[PDB]
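Novice: Take this sequence and fold it.
(one chain, ligands or ions: 1)
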Amino acid sequence: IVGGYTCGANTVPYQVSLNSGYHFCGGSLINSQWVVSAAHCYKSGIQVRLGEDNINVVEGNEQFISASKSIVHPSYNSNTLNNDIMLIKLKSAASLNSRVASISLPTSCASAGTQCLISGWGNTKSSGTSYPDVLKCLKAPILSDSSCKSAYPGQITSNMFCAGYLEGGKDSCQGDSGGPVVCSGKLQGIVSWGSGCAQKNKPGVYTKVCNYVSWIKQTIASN
Ligand SMILES: [Ca+2]
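Specialist: Numbers count the residues shown, from 1 in each chain. Shown next is the protein structure:
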């Protein structure tokens, strides 16, 4: 996260870390057995790490559970990143408590102007690299569809929205991919892509989760 603040241990209880030997992407816990992340975070051998704050220290609230199957969206396009969303089923159900909790799926799409919380363990610098060990947080507004498309001409689909600041300085970044954008207690976005991080007129682009709610619900119901 560039230009954010330290969340505080376990203040974002639905945040997961996807680990294949090292942290490579974020994700959100949507019920005791399913995680939603970005389709571009797909790989085999994923271990889901719940209840994390410092991903390099075992502090006592962690649950490490292996994934039993991953399901990338049927229309994921890796060249355009349209439909960048994937579901991971855990091999065992997570034990839910105040520090490990699920986030609700939205009933409505959130409008431009809504302030949201974005979190993850991605890079914290706009040029150069420094990866945090503890979870970082950023409050950012959803931007209008016209600001988003004027920033990324020919690249924004209806399954995408922008959030952040056109002045730059604050944004998610590499490593935050797959992670949550929560607005009014509902998961509305998944960290997906952007041009660099925290650049002027280059806000983050996020997968619009409210378009995928029937696919999530039907897939969970049969798998
Ligand atoms: Ca830890």
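
Novice: Now do the residue nearest the centre of the chain against residue 147, distance only.
Specialist: By Cα atoms, centre = their mean, the mean C-alpha position of the chain lies nearest to residue 179, the distance being 1.6 Å. From residue 179 across to residue 147, the span is 22 Å (Cβ to Cβ, to the nearest Å). Where you see a C-beta, it was placed from the backbone N, CA and C, and this is true even at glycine.

Novice: Endpoints of stretch 199-210, how far apart?
Specialist: For stretch 199-210, the separation between the terminal residues is 27 Å (Cα to Cα, to the nearest Å).

Novice: And stretch 53-66, by the same measure?
Specialist: Chord length of stretch 53-66, first to last residue, is 19 Å (Cα to Cα).

Novice: tell me which residues in it are buried?
Specialist: Buried positions in stretch 53-66, judged by neighbour count with 16 or more other Cβ atoms under 10 Å: 53, 55, 61, 62, 63, 65.

Novice: Was I right to think the fifth one contacts residue 97?
Specialist: No. At 9.8 Å, residue 63 and residue 97 do not qualify as touching, with contact defined as Cβ atoms under 8 Å.

Novice: do you know how far the closest residue to residue 202 other than its chain neighbours is from the ion?
Specialist: Setting aside the residues directly before and after it, residue 202 is nearest to residue 195 in space (Cβ to Cβ, 6 or more residues apart in numbering), at 4.3 Å. To the ion, residue 195 is 32 Å away according to Cβ to the ion, to the nearest Å.

Novice: Remind me which helix or strand residue 195 belongs to.
Specialist: Assigned by DSSP states H and E, residue 195 belongs to no helix or strand.

Novice: And for residue 69?
Specialist: In this assignment (DSSP H and E), residue 69 forms part of strand 63-72.

Novice: quick one: contacts of the next helix or strand after that strand?
Specialist: Where DSSP H and E defines the elements, the next helix or strand beyond strand 63-72 is strand 86-90. Contact with strand 86-90 is made by 18, 27, 32-39, 41-42, 46, 48, 65-73, 76, 216, 219-220, 223, as judged by Cβ atoms under 8 Å, 6 or more residues apart in numbering.

Novice: So which elements touch the helix or strand just after strand 86-90?
Specialist: Per DSSP H and E, strand 86-90 leads on to strand 115-120 as the next helix or strand towards the C-terminus. Helices and strands touching strand 115-120, by 3 or more Cβ pairs under 8 Å, 6 or more residues apart in numbering; DSSP states H and E, are strand 136-141, strand 180-183, strand 186-193.

Novice: Show me which residues of the first one are buried.
Specialist: So that's strand 136-141. Across strand 136-141, burial judged by 16+ other Cβ under 10 Å covers 136, 137, 138, 140, 141.

Novice: likewise the shortest one?
Specialist: Along strand 180-183, the positions that meet the burial threshold by neighbour count (16+ other Cβ under 10 Å) are 180, 181, 182, 183.

Novice: Please identify the pairing partners of it and their relative orientation?
Specialist: Listed by DSSP bridges, the sheet partners of strand 180-183 and their directions read strand 115-120 (antiparallel), strand 186-193 (antiparallel).

Novice: Please list the residues of the chain that sit near the ion.
Specialist: Neighbours of the ion within the chain, by Cβ under 5 Å from the ion: 52, 54, 57, 59.

Novice: how about those, which pair is most distant?
Specialist: Longest distance between any two of the residues of the chain next to the ion is 9.5 Å, between 52 and 57; criterion Cβ to Cβ.
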